[PDB]
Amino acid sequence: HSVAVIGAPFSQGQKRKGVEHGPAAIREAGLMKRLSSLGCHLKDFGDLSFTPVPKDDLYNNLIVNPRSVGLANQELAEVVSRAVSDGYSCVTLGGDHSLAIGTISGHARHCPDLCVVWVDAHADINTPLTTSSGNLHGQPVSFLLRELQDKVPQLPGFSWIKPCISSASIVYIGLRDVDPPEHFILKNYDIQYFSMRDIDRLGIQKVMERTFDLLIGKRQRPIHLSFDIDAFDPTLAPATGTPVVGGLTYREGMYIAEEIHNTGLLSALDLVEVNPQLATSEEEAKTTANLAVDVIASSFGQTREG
């Protein structure tokens, strides 16, 4: 089993400095040794340097860094597509969540029947017409879902995207901070999600059972796990840009990752939004990075029973 690791020090999907240091932080927390110990053959692509775009003015006076986000994602997609085509399960370290535009595009370029498990406090499904922040890290799913495209305008730097993934092929876990237009979208397009309230009711075991029945209950499909560290409670993952109280416990996060591993179908994984600069202490920074490593390792087979 072979794993590719790509650092994507992405910060222009949002406004807070420091998230570009996520990949280094996760690596420093021992990611590569942990994967090796599990028996993963590794190819490290290092941390990418993305091509800058001159005069990348706001789109519609609101959407920030659109060409820079578009181009960085186009470049990322090429690296991801090549890794997956070469037989690697592809781990991308963020960086802000706008990079999932590139990792999912690149993954789908080799594996068009992929499904997505999106683990996050947020749905990240605002469009350029509904976002109240202008930050592309809160919009990436809108560019990817086929059924939404007639409601998503063409941004500069975004023309290369081919959104063929169905709204029936993504399931959210963890949701507790959803903007009203996002809620409208989830309901109107019948997109399946398990909010923190659903987890409180069902328990994480049944959440994972139902998630897989929805996505792979009829046929085996490669799985893309896009994991925003802010899915965890801020007490566990404080070093992140949009923390929301009442999140996943450590055990719940490990359980999600274990069930992902147990499918035997994990094909790519994003671990995004670790921002070491937002920690109030080096301890807070390190615990957040340690947690990120635990998620990735559990997704590739680390168990609690040995």
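Don't overthink the numbering: it's just position in the shown sequence, from 1. The term rigid core refers to the maximal set of C-alpha atoms that superpose within 1.5 Å between the two forms.
Student: Fit on the core, then compare CA atoms: does 23 to 31 or 50 to 58 lie farther from this form in 9 other deposited structures of this protein?
Tutor: Once the core is superposed, the stretch further away in 9 other deposited structures of this protein is 50 to 58.
Student: State which stretch is farther from the displayed form on average in 9 other deposited structures of this protein, 173 to 181 or 158 to 166, counting RMS CA distance after fitting on the rigid core.
Tutor: Evaluated in 9 other deposited structures of this protein, the stretch farther from the shown form is 158 to 166.
Student: Between 164 to 172 and 137 to 145, name whichever shows the higher mean Cα B factor according to the PDB entry.
Tutor: Looking at the record's C-alpha B-factors, the answer is 164 to 172.
Student: Please compare 259 to 267 with 35 to 43 and say which has the higher mean C-alpha temperature factor in the record.
Tutor: Taking the mean B-factor of the alpha carbons in each, 35 to 43 is higher.
Student: Return the residue from 218, 107, 97, 122 that has the highest Cα B-factor in the entry.
Tutor: By C-alpha B-factor in the record, 218 ranks first.
Student: Between 49, 249, 65, 240, let me know which has the highest C-alpha B-factor in the entry?
Tutor: Answer, based on the entry's C-alpha B-factors: 49.
Student: Going by the entry, which third of its chain does the Cα temperature factor of residue 274 land in?
Tutor: Its C-alpha B-factor belongs to the middle third of this chain's values.
Student: Could you say whether, by C-alpha temperature factor, residue 208 belongs to the lowest, middle or highest third of its chain?
Tutor: Middle third.
Student: Relative to the other modelled residues in the chain, which third contains the C-alpha temperature factor of residue 82: lowest, middle or highest?
Tutor: Its C-alpha B-factor belongs to the highest third of this chain's values.
Student: Give the position of residue 23 by CA B-factor within its chain, expressed as the lowest, middle or highest third.
Tutor: Within its chain, residue 23 is a highest-third residue by C-alpha B-factor, going by the deposited values.
Student: Lowest, middle or highest third: which one holds residue 254 when the chain's residues are ordered by CA B-factor from the entry?
Tutor: Bottom third by C-alpha B-factor.
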